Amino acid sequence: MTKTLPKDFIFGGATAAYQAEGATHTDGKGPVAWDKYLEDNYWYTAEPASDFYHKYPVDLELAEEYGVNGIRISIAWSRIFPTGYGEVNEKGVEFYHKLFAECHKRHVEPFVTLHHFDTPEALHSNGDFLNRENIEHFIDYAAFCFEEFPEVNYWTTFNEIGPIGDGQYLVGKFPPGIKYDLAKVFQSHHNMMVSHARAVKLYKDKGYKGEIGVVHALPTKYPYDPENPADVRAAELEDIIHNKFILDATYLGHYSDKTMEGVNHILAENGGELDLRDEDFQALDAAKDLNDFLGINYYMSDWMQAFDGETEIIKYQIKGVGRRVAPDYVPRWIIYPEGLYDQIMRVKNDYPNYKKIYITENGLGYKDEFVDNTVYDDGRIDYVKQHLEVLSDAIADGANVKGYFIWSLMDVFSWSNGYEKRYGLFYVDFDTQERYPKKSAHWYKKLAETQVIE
């Protein structure tokens, strides 16, 4: 009755550039939107964050010692091309070579992401990915990295395209801070997926020998009342905004009738139109079968309730779609591991050409109590364990899951909660940058070297 994981499973830890690195204004690094934003809006910034720029050897040493065999790292676009394109910043390029060298030295396989919510400010201010000119610059950046970095065997274009559109254009929490613009949500989703398809194709055309894929945040959407058809429809439209539209562009090379129909309805109710070009679909179509793996980031599910009213998110409700409402008797965010099992099977069934799946992000963040130079984080251990258990079941049921990356490896900086909300396996005393393994890090060690979920 004890669940197990495959012997080749990768037990990883995740990090992101702006959240872990620090050195925001050093070694020719170019600015990102977060710089001004966090500055004049909060008492904290991304300096020093986790000081990964300097502490990476300590983190990779600890990663190896505790059984972590894979690590998600992201290259800061503003560190290579400070202005987005043009002049290459050699210190930025050196850094990553050093970082990748430490990983291989430590036996921690690096899974590298090119974009992690940090478009260089120069290009971000100029419409970000809504501006088609920026699709070219990304492709030039991706191409440079592919060639400049032969050490990397696992590449990823973007991390969470859905959450970007949602944050920048729907909820308006992240810059440009636009609110309720559903046309911009979908346009951003589209343009970014076109960027992805062109980079993936370019990688295969040039004949590189590694593996390339994309990481999507895929929160399962459920009807508040399964027996209520209006609820089922609200969930279906919600899933189209956040998951389906993006998944279709990724795996079908076009939007299915259900997606298009849903998108038309949502925009009819909320306004706007999409700019959809023939070359766009020519691009998506060429790439639909070239993804080696899919990265799924999952933390929790969402329940929808059909209820028509104005669009308001502070509370989440969309005109023509519905409202987010949590089930009355579900454990509590809200912990729902079945959500992940369902999302995995959905991908497997809807897009059978998915090939391979990696849970690229999953974790529990809260205010850790630091005692005895450690954290007795039993809550995080239980959350992770419960999620690893559904993975075991999904694999037994036929899904090709090959790895799990816990967000995060060490405590990193959060844009929404600064240094308060912690997710790491390793506690970081942010004043001294000293790491301390938590209880979970010891537990994760036993798991990696035993592959028995206990």
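In this text, residue numbers run from 1 along the sequence as written.
Undergrad: How many residues sit between residue 332 and residue 333 in the deposited sequence but have no coordinates: none, 1 to 3, 4 to 9, or 10 or more?
TA: Gap between residue 332 and residue 333: 4 to 9 unmodelled residues.
Undergrad: None, 1 to 3, 4 to 9, or 10 or more: how many residues of the deposited sequence lack coordinates between residue 371 and residue 372?
TA: The entry leaves nothing out here.
Undergrad: Comparing 203-211 with 289-297, which has the greater mean CA B-factor as deposited?
TA: Mean CA B-factor is higher for 203-211.
Undergrad: Between 438-446 and 12-20, which has the larger average Cα B-factor in the PDB entry?
TA: Per the PDB record, 438-446.
Undergrad: Which of these has the highest Cα B-factor in the record: 82, 322, 339, 172?
TA: Of the candidates given, the C-alpha B-factor peaks at 172.
Undergrad: Based on what the PDB entry reports, which of 302, 109, 239, 312 has the top C-alpha B-factor?
TA: Each of 302, 109, 239, 312 was compared by C-alpha B-factor; the highest is 312.
Undergrad: Classify residue 118 as lowest, middle or highest third according to the C-alpha B-factor given in the PDB entry, relative to its own chain.
TA: Middle third of the chain for residue 118's C-alpha B-factor.
Undergrad: C-alpha B factor of residue 398, ranked within the chain: lowest, middle or highest third?
TA: Middle third of the chain for residue 398's C-alpha B-factor.
Undergrad: Going by the CA temperature factor in the PDB record, which third of the chain does residue 346 belong to: lowest, middle or highest?
TA: Tercile = middle for this residue's CA B-factor.
Undergrad: Among the modelled residues of its chain, does the C-alpha B-factor of residue 385 lie in the lowest, middle or highest third?
TA: Within its chain, residue 385 is a middle-third residue by C-alpha B-factor, going by the deposited values.
Undergrad: When the modelled residues of the chain are sorted by Cα temperature factor, does residue 418 land in the lowest, middle or highest third?
TA: According to the entry, residue 418 has a C-alpha B-factor in the chain's highest third.
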